[PDB]
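Since the structure comes first, as structure tokens, the remarks are kept for the end.
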Number of protein chains: 2
Amino acid sequence: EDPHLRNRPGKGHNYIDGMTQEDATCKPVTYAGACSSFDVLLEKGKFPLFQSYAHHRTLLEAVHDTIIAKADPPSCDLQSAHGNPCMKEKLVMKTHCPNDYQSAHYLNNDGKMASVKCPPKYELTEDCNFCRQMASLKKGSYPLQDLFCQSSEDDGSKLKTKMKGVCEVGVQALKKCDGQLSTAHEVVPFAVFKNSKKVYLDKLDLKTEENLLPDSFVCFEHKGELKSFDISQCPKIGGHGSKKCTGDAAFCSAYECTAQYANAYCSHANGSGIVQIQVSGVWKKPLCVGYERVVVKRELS
Amino acid sequence: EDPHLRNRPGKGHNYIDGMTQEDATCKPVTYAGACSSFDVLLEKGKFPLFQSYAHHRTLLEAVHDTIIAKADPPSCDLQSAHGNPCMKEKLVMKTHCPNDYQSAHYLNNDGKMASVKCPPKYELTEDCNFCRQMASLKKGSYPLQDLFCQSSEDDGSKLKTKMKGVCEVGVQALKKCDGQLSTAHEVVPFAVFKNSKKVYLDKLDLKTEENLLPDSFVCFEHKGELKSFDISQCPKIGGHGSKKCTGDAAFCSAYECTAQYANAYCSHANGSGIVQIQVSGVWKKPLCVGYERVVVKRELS
């Protein structure tokens, strides 16, 4: 119902240092925006979590919204083997990169934002580790992890991964496993708070709290491709002033509806609001939670 | 088929004196070449034992590695004249040659290397006993036995063939028989120890044991499908090599792992390591164990 998942609440910017080709085709992200770093997020049979949580924020949008910090350097080079601070965490991972792509961004352990980049005109390989020679090359990156972000300012840096039965799972390592162990390549849920580390979890217990918030209402320009419109310019309830707005039953029940005096018809976001999680048995509001295929070492002796 | 199993352990010499026309493709065993003395060893539905034990030495490779000595003469021509010692053992062996090939190597009774040779330009028949007048011409040797060799220094010259109710099997004479006996071609295994005759087997019990030898690991580079990479250029624990290499714990346990300072992600080679045989309960280390279909004379009444 209401296929309005293409509109991005708030700023909605998908730009990173390096992909200067799509600079003017990704800010903002509208219905006609042919941003290569965003079309792969809506493809079927690849990113199910982002399709389930469509009315939210991405990694780049979280970076531009002063939520997730950037690494140093935020984009490493995979050409020369002289050394870069991006392979030590990538070798333990195991992701797949589609054809005709140069950059590949993911989430690091320090809670920042790291990525890679191949020198033109070289593309990525199959293991997403080196750069190989070259159809038409894309002008963006590819999300290696299936995660979703939002707007939050909850504190929680003095924590630690509390997963019993393992020792060296993901990037964190509580103890060593030299005797009898069992390693594989599974997925482990992880949650990163404000200025914290990649704290892995055992089970995922998410809960979306629906509330009348401006970040849960999409709007587009009304005229006799649709262009997005700001949400912070609409009045509240019981008031007909400033930039007039209108919408469906949800917008008319939350805010005012001038119909004729309005200039942009709005709608309701298909499932949006505050997302909670259960970490250490305490309800906390995270920042970016997702999955990743890393090395999981279980304890047996 | 299976291009990932073209790397041969040790020197990898699949030729002999006289038929050195394809030495440019078999020495070394390349990928673009067409080494006729190895293509039939990877065909499905013929030699499953060599497919299970891929990374192992063959007969010619054992000859070129100071393991199995040559016979006298090592190349017995099929142009016999009521003689030729290399005929009494082949006439009792039922083999099938797919034509084309003009040579065929097998194991003799003494334990050396006995092979045939066709003068240019002839080819083998269906019974693999004559070189008739002449698709094209394969200048290789057809493996008559599905045997695999390795490197071992285990003594075992005081052991002979000990069966139950078997008269004269193959070309050997065990016990004395003068009553009723059968004459048919059956598959009977065999094993040759260090300086011993062709000892047959009755109950073969193998034991696959992995090792840390350089020939038991492969290295596939990613920077530039995947391209093969030579493993001898990897560094040594306590020394220094030309290039750098890295891999899993199995590769780090043998060579030095530099992670980001390397240019190839090495892995482990399946179907390698030394094997052991169970002789009278005590596990021994054989040399060349295989299967053959010769005349078997059992005891009947």
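By convention in this document, the chains of the structure tokens carry letters A, B, ... by their order, each chain's residues are numbered from 1, and ligands are numbered from 1 in the order they are shown.
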Exercise for the section: Residues of chain A no more than 10 Å from chain B, counting only C-alpha atoms: send them over as a PyMOL selection string. Expected result: chain A and resi 78-88+90-92+122-134
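Neighbouring residues of residue A:299 at 6 Å or closer, counting only C-alpha atoms and skipping chain neighbours under 2 positions away, are residues 165, 166 and 181 of chain A.
Proximity ranking of A:293, A:4, A:160, A:70 relative to residue A:112 places A:70 first, based on only C-alpha atoms.
Since chain B and chain A are the same sequence, their C-alpha atoms pair in order, and the RMSD after least-squares superposition is 2.5 Å.
Nearest residue to residue B:212, choosing from B:268, B:56, B:139, B:227 and counting only C-alpha atoms: B:268.
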